[PDB]
Structures are given as structure tokens and as C-alpha cells.
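Chain by chain, the residues run as shown.
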Amino acid sequence: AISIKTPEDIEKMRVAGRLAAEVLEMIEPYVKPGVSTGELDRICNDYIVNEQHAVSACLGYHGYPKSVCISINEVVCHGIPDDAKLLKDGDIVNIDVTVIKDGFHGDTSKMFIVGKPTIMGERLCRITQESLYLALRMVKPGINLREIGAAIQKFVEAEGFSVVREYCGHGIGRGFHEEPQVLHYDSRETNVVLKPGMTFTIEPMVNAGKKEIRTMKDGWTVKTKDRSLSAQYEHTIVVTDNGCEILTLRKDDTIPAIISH
Ligand SMILES: C[C@H](NC(=O)Cc1cc(F)cc(F)c1)C(=O)N[C@H]1CC=C[C@H](c2ccccc2)N(C)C1=O
Ligand SMILES: [Mn+2]
């Protein structure tokens, strides 16, 4: 039940994906000690609406109250911007951005470290990005999606870290979240053979301590159960005849947009 995208659809996703990447490029010099997450969010929302002529897919999405997700330290995902929440030296911060343009979605996220890195922070974020690039390099027609989760998990566990189970990447298009579910670990539950024209995200969430998570009073916010740090990165891709094209590359990404086999 995955439907593929036409060349006209894929080009609309290049546009939306580039816009999402550019938000993350735009926000970087604002991410420093003492800025609030609430300020960061309004800066991004203004940019999307009034500079990019587009709209945040997050804003109002099934109740989600802000325009981007901002998760710090032990928060794994869905962290909600708050004018009371000030960044501090050593914090690790994810910002996930999803833009809709001309009816198509582009979703991406990265980590930013505030001030001077802690040793554990620097290593966690690096391992997490490397786990994603390892997965991107596997994508091509005829492989099973299950291989990708298995590879991510093996790599991450060899570094003495854990892979979050309950949240995952996803198909993406005219909708924010479509088939398939993209697990970051090995599971019987995955059985999907990639074909050209499929679009989806990969977005591993890696914990420093154990894998288990808990859900907060606000509903949305997910933290680590052992209160260790957690990190994530994401890109949106399209499967090509011989590999993949990454649709959300930033200038600070260290991999080409096309991967060929
Ligand atoms: C971590 C990722 N993050 C995002 O997609 C970014 C995001 C930003 C935002 F502002 C509002 C959002 F709901 C989601 C994710 O939520 N993935 C989803 C994929 C599909 C379905 C569900 C699901 C669960 C709870 C809420 C929504 C979907 N599961 C289990 C997931 O793991
Ligand atoms: Mn996503």
C-alpha cells in the first residue's frame, strides 16, 4: 500500500525539502546561551510564513501547539518550545522542521550543541549523524527496509549506545506521515521492498543510556526513562533507479545529495 511519486511530485518535494533545510541553516546563529526555545520557534515560523511563502506542517497538527519541535538533552522528540526554556552551555538541542509548499512536505532535523560541548554530548551527536549517513548509503531499489534498521542498530550499539523503539521515521508526501513506518532497529514487523519513486524519512533517535522512554504530562513530550541524553538527525529521501536522492541537504552536511550504486 505505498504509492510512488511521479517526477512532477518529486520536484515539488525538492522545493519543500530545500525550504526545510534552509530553516535549519537560517536558525543556527540564533542558537546560543540564554535564548528561549519560544524565541527560536517564533523566528522559524516568521521565516517560513513571511520569507519562504510557505507553512509549517507542525503548527496545529493534531493539536501540536508550535511551529517546530525543539528537544534538549534527555528529551527524545516532540519537545515543545517555551518562552521560559533558556538554552544553556553544554546543552544538546534538536530542531525538527517540516514545511509544506505547493501541497508537498519536507521534514528534516539536526543537533546543535550550545557553547562548549561536554564529552558525552559531542560523541552522542556524532554517532547519531553517522548512523543516519550509514542508512542513507544503503537506500536503493530492491532492498528491504528492514536491512536499514538492522544496520542502524548494529552500528549504534557497537558505540555503546541505545536505539529508541517506540518512535520512527515515516513515508511523507502530500501527507506529513504516510506509509511506510521506518524503524531504526531490526524487527520482524518490517517487510517492505524499496522501489523508485518511494519517498520517506530516516530519523534515528539514539540514547546515551538505555533505550526506554516515557511520555510527559503534556502528552507530546517524550523523555528518556533513565534520564540519559538523547539525540537525533533526519533527512527526507526519494528512492531512484540506482540509489537515492536526499532532498533536505544543508551546506554543513558531509555527503552528496545523490547516492549511486
Ligand atoms: C519522531 C517523529 N517526529 C516527527 O514526525 C516530528 C513531529 C513534529 C510535530 F510537530 C508533531 C508530530 F506529531 C511529529 C514521529 O513522530 N514519528 C512518528 C511517525 C508516525 C506515527 C507515530 C506518531 C506518534 C505520535 C505523534 C505523531 C505520530 N509515531 C509513533 C511516530 O513515531
Ligand atoms: Mn520526520
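A. Focus on the coordination of the manganese ion (ligand 2). The manganese ion (ligand 2) binds to the protein through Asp 107 (OD), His 170 (NE2), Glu 203 (OE) and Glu 234 (OE); the donor distances cover 2.1 to 2.4 Å. Spacing between the donor residues of the manganese ion (ligand 2) along the chain follows D-x62-H-x32-E-x30-E. Pair noted here: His 170 is in strand β7 (residues 169–171) and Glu 234 is in the loop between β13 (230–232) and β14 (235–239), with a separation of 64 residues, a long-range link.

B. Layout of the packing of aromatic side chains. Overall, the coordinates contain 2 aromatic pairs when judged by the stated rule. Their ring planes at 50 degrees and their centres at 4.8 Å tell us that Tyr 61 and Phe 176 sit as a pair that is tilted. One end of the pair, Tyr 61, is in the loop between β1 (55–56) and β2 (69–72); the other, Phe 176, is in the loop between β7 and β8 (178–182), and 115 residues separate them in sequence. Under the relative-accessibility criterion, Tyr 61 is labelled partly exposed at 23%. Ring plane angle 90 degrees and centroid distance 5.2 Å describe the contact between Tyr 64 and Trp 220, whose orientation is recorded as edge-to-face. With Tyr 64 in the loop between β1 and β2 and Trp 220 in the loop between β11 (213–215) and β12 (222–224), the pair connects residues that are 156 residues apart, well separated along the chain. Judged by its relative accessible area of 25%, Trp 220 falls in the partly exposed class.

What counts, and where the lines are drawn
- Residues numbered from 1 in each chain as written, not as in the entry; some residues may be left out.
- Chains lettered and ligands numbered in written order.
- Heavy atoms only, no water.
- Donors = N, O, S within 2.8 Å, 3.2 Å for Na, K, Ca; no water.
- Helix = DSSP H or I, 4+ residues; strand = E, 2+ residues; numbered from the N terminus.
- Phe/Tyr/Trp six-rings, centres within 6.5 Å; stacked < 30°, edge-to-face > 60°.
- Buried < 20%, exposed > 50% of the residue type's maximum accessible area, 1.4 Å probe, protein only.

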